[PDB]
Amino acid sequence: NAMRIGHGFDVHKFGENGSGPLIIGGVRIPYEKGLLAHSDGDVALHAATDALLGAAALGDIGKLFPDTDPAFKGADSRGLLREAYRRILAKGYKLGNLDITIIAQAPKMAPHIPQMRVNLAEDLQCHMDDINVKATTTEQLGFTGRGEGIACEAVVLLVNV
């Protein structure tokens, strides 16, 4: 079977005005709060990993890396992504292309998108043209608009090698 589709969706709640600031798409972004989570809280990498595992019918991140397991407290999401991708390659698939939509009232994602694409293209061993990332606001509506957290949605295509 030639191609497979995958979808990922992930949310994190902000901490308080201590938090050690954002990592999104492997990029450290300046901000007054960070996202609370078992690992580094990288919403964009989580959504992307799930899209990949989902396309491969491998479940999701929780399947591969139990949230219960203390070996992943503060785990680097880029490492989790690379491991999942390794498994996807093992199963005979490689990335066709990926598209990510970050949903956050703030901070601005646009300055960091090029580096995010760099990190992803590295991690998924492909050309940067196979990675798209956008960011969008929720016009101050709902919990993202209220600034209580950031959500991220990802969509992916795997090609059979």
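Numbers follow the displayed sequence, beginning with 1.
As recorded in the PDB entry, 33-41 is the stretch of 112-120 and 33-41 with the greater mean C-alpha temperature factor. In this entry, 66-74 shows the higher mean Cα temperature factor of the pair 66-74 and 50-58. Ranked by C-alpha B-factor against the other modelled residues of its chain, residue 148 falls in the middle third. Among the modelled residues of the chain, residue 141 sits in the middle third by CA temperature factor in this PDB entry. When the CA B factors of the chain's modelled residues are split into thirds, the value for residue 99 lands in the lowest one. Sorting the modelled residues of the chain by their CA temperature factor places residue 158 in the middle third. Ranked by C-alpha B-factor against the other modelled residues of its chain, residue 128 falls in the highest third.
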